[PDB]
Every structure is written in structure tokens, then in C-alpha cells.
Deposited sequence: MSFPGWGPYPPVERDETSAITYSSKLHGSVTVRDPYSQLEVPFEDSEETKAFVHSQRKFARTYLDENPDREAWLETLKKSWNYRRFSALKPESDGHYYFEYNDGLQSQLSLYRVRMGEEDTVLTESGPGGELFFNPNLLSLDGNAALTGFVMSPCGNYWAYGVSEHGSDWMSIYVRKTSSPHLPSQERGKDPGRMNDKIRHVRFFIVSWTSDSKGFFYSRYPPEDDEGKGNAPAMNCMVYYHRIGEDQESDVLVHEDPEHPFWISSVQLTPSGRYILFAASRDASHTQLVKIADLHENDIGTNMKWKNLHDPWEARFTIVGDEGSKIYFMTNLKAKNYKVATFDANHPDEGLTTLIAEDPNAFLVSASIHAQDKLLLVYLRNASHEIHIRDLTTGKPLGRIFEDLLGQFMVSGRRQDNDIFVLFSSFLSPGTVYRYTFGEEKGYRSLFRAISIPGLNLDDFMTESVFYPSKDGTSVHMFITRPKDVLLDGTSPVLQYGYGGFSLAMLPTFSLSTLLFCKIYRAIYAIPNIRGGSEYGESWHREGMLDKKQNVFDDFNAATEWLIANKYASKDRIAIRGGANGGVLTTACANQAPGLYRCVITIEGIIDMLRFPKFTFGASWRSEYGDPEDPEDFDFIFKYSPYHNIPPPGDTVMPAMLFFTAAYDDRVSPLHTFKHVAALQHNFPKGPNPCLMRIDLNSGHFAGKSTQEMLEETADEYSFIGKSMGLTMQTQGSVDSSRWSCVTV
């Protein structure tokens, strides 16, 4: 019997079942003996007993490994490096930039008068002026900034704060003349105005051009996991109580629908958008704010037929609005709408690129249209003439990674933050000119604890089960031998058109260095890496393609002697938890360790909790007889293998006790079912629970994850 056992007991309800309609079988009665664990922690002693017993059990196993502390100290020392964003020009004639001196809980906002920016981000420190220090907001540094928008006048700054990481927030307002001071004690937000906008679940704030107020989306007053219902658009006037905010839109008929508004840069036109699922399709309306008082008494005109396409404002020129849209263009395009001829529809300005996903369109230096394409699992910046749509060439085409682009239509320059698996963040300045532009290196992030020249990222292609060519990035020390001995950390997502882009994580390079490991990112189907068709081949009845791509990546690494067959660790979060639990179910013999973060695992019950019903466009509708059949085949909660052909890998599940985005019940129920199916291991299945994440929490979680992988795969730390 394994010395760490036995598992904490978990009450079973042997009578708890639901009957689902099935095209193949007529109906299927599914038993759920852990259905009680769907009741929130707050509302159930049973759920409390489970969380507390499972938490202590995991904490005992993890803290017994001395490498847990070794990892925490290694991570803490190495993470103590200065981090910053690109400069962002604002309407108060300051550049704003995020800064962390190394080990602060949260990023701080700094600023510098435009023209004095050559004095910031030096050996001496951030320079400029401290504007907003989120660390002041709470005692533990758990209250995070969820977003901010400066008023067009530059006198006001609207910002979102989530208390206790809870994914509910309040919106606050402060004067740009009221920066945080370094002398302020923690626990309070001094210098803010009385404005308090409660009951907000996502930050979307749009100021009017008069800087008198802003549109926002909120919910009825409410830790719980019931469906997110009755999203409403409100307009808040600066200085008033929230009780005075004017209702702009509700749709009582469709409580699951999410709604918001965006204004054109000029502030003249308002775009209403509703979504009814996670798909890139909207119900869309346009109002002319010059013709309307703000409220439910506004003259909405239809932009296009509902549920065919998504529309995002990218600019305006009087009555003409620039849209980034997927209308009959799944990889997105740029089209113009004339609000003066709404029946004439959209005119194409930039045609769909059939081999490249259009991620953003923005206007710079008056009439330069800057397009960011995703092609070959990395960003490309294309410059177009705004008037004709004519190509003016590429910039930064030598850099393969991702870009954050900063700059407005009225600015002749941009700041571009470049990053990859190996580049932690270089800020370039690009200055547009009469014929050609000028590129300069502004500032680079430097990591004192690590020699980036020791590492490489390989670009390879491998065939999946069905012969589809899949691209994979492989990060490793240059001096690791491909002799089939190296451990692997293999990370995937596969869904919702979300690309796994080259992304800097110091933690992952330290895993590669300390364990002589490879870090593998297969660009599996479900993402946008090769365009929207890459998502379509990895969703609904084709979700199995995602798991097969990931499995085939592992087999390819073993076959080509990158990795020992006995040291594969896999990792995945949210939708990525469908990936890790399905792959663990379908090929347990491939994997030695499985890390699941905030996992979606019950593919039948997901629609019943918070935002889950929106994911029916991705996974299918489990209450639909045809969809039920293909979902039930892989639903990881329902497909745990019998012991015997199966040695189950060691498995660590991360979750909070309350989480709005993925209800922790997915992890609660799956951990119980795994422990019950495999009561004697031999490899432990553990739930690591936390009762805008802080640096401290991220490192303590990373130290559990890495020390658990080390223990489970028999790795020695080679410091």
C-alpha cells in the first residue's frame, strides 16, 4: 500500500442520475454519485468537508517534498527582475506604462510627460511619476486592477477593481490630477471620487466625447455557480450615485445573452453587440448619439442580419465607420459602413487573407492602417493606406513571436512590445514618415538570473492520427542531448480560436534548465494558428482531433528521441483541462504527470453553471440528442478507464473554492471519481485549492506544480 494513502473518504449518492436524449440509443441514464459537490462551498457542509480534507491531504503530500521549498526559493530569486509594458499615449499628454520592480504582488501604473520618456525605465528604476499602485488596494495584494480607460478630455480615469480575485468587480473614477503617493498605507484607495459602479462581471467602459460619463455592462445584485443571467447596458454620469445610472438595454427574453456597447473614436456612433454563445457571431445595432438622448428611447438601426458575424470598430471618418468583421470572411477582414446609407451595407476595404487570421486593425499617423495577422502561429504587422487599402509593406517582419501595438490615430509613432519563448519583452519605437518609417530599440527587459543564449526554440511539423500536419515549438537548453532521456513539460489548450503563441515564461525556462527538460507547445487543432479553419477542425464532433493531435505530439517526441517515454508531463487550463483529462483517460500509458488548472471536465453539466452555456457553440449542446452522442464518447468525467490495461499517471488539479469562470465542481467531482476508481494509486491524484493573481500565489502554485512533476517523474534538481 502506498505510504501517502489512503485517500480522504468522499460520500457517494448512488441514486443521483439524469436521463439524456440520444440519437443512437434513444435515451441514456447517466449516474453522477458526486452531484452533491455541484453545491457551492459556501452553501454545503459536504462540499466544505470535501474541500478541507482534500486540501490538507494535497498540502501534506506536496510540503513533504523538500524540493517544494527548493523550487519556491529558486523561483523567488529568479523572478526578481524589472518588468514593464510598451509606453501608451493618453489624452492628458502623458505616456503610461506598467512596471514591476520584481516581486510586487501586482503591476503598478507609471507615467511621464510626452517628450521626457527618454528618462524612464533605466538602471535607476522606472523614473517618471507613480500614477496607480494596485498593491495599496488590499492587505494581501489580492485586489487587482481589471481594466482602465482615460476620459477623452484627459481629466478622468475609470478603472475596475476585483476584491478577493472574485471575477465580480466595481468600477471607480479618479482625477488624472490625483495619482497615488508612495506614502499611502495599504488597505485603502485614497484620492478616488465617490463614483462606485457595482455588479460588473467584465470591464467594458466607453466614455462619451463630452467626458460626462461612460457606458458599462452590469448584472442584477449578487461565491455561487448559477448561470450568469440578465446582462444590462447602463450609462453612468460622473459624480452621481449608481442608483441614478440610466438603463440603455435589457433583453428579459434572453437572460444568457451577453451585451455591451462600443463608441467610434469620434464619440458620434454607438455599436450595440449581443452574443448568445462563445462563437464569433453577434446581434448588432448602430445609433447616432447626435439624434438621441441616452436611455431606452434611442433610434437603433440594424448593421447586419443577426448571428452571422462579429463587428469591432477600428476607426471613423465622419459618417464612415471602419469595422474588423468576419462577415463571409472567417479569418476576418476590414470593411466600411456608411451610417448615412445603412441599407447599402458594408464595403470591403481589406479583403480576407485566406491563410491568416486578422487579430487587430488600428489607425496610426492619421491614415496608416496597421493590421496584425496570425500566420504560422506568430504575429505579422502589415501597413496599409487607410484611404485606398493599398499595401505599404511589412514592419518588424524579422521578429517571430507576438506583438502588443500601442499608439493612436493622432500620434505619428507607435510603441511595439515584442516577446517569444526566449525574448521576455523588447519595446521598439516605430516613427511613420513621408515615404519610409524609422525603427529603434527603446527598452528591453533583462533577466539577471538567466542566460537566454543557453536556450533555443525549434520549429517542427508532425503528422496527427488522420495525417494532418501539425506545427510544434520545442524550447530546450542547447546542450541537452536528443538521446531519449530528457523529461518533457507539454502544454496545450486547443479551442475557441485561441492560438498558443510564443510567450515568455521565466518559470518554464527554469524547468528546462533545472531538470534538463524540453518545453513542448504543439499548435493542436481548436486554435487559430493556421486560421479559423484550424478551430473548425477541433470543435463539436471534431473535438477528438484536439486530443489525437496532443497524443501524436508526445509519440513524435519519443520516436525522435527528444524525450524519455517515462518522463512526459502534460499541462492545461480551463478548456486545456478537457485536453489533459481526456488524454489521461485515452492514453494513460503515454503520460507520467498531468497538471490541470481550473479544468472543464464534466462535458454534460457544463451549461448549468455561470458562463458554461456559452461554450455549447464549442463543445455542442449535451441536451441535444445528436450532440450528446459525440460529447459522451470523450466527456472525461464519464470516461475514466478501468484499472488493468491502465496505470493512471500522477495528477495534480489546481482550483479556487469560488471561481466564476470555471465552476470548481468540475475538479471536485473528477478528483472524487479518480480517487474512487484508483483508490490505491499507485500514482497519487491530488486537489491543490486556493481559499489578476498575485506574484506570491503564482510562485507558490508554480513550486507545487514543478516539485510534483519532479517527484512523479523521478527527476533530480541540477541547480
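- Gaps between the deposited sequence and the modelled coordinates occur at 1-2, 225-228, 698-703, 732-745, listed in sequence order.
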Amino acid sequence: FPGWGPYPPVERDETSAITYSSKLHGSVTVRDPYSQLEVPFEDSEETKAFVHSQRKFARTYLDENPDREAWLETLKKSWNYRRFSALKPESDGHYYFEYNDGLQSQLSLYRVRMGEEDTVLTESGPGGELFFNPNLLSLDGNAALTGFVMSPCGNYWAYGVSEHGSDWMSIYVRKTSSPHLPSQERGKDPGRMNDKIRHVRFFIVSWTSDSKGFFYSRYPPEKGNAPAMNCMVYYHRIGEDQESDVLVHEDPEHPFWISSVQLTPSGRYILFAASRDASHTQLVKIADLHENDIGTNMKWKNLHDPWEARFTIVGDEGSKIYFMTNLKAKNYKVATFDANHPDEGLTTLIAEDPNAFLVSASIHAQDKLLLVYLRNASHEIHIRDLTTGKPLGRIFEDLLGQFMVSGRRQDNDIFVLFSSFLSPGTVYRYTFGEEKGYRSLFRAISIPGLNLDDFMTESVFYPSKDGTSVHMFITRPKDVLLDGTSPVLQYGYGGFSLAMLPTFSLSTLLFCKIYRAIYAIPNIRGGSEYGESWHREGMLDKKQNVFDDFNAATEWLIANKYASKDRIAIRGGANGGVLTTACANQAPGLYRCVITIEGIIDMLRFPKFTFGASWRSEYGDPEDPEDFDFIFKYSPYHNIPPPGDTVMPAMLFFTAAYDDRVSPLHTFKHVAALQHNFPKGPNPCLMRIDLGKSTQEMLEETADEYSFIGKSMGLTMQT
From here on, numbers count along this sequence of modelled residues.
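- Looking at 568-576 and 195-203 together, the entry lists the larger mean B-factor for 195-203, computed on C-alpha atoms.
- On average the C-alpha atoms of 653-661 have higher B-factors than those of the other stretch, with 668-676 and 653-661 being the two compared.
- Highest C-alpha temperature factor among 221, 487, 522, 620, as the PDB entry reports it: 221.
- Highest C-alpha temperature factor among 608, 280, 536, 237 per the entry: 237.
- Per the PDB record, residue ranking by Cα B-factor puts residue 265 in the middle third of the chain.
- When the CA B factors of the chain's modelled residues are split into thirds, the value for residue 632 lands in the lowest one.
- Among all modelled residues in its chain, residue 141 ranks in the highest third by Cα B-factor.
- Sort the modelled residues of the chain by CA B factor and residue 545 lands in the lowest third.
- Looking at the C-alpha B-factors along this chain, the one for residue 188 belongs to the highest third.
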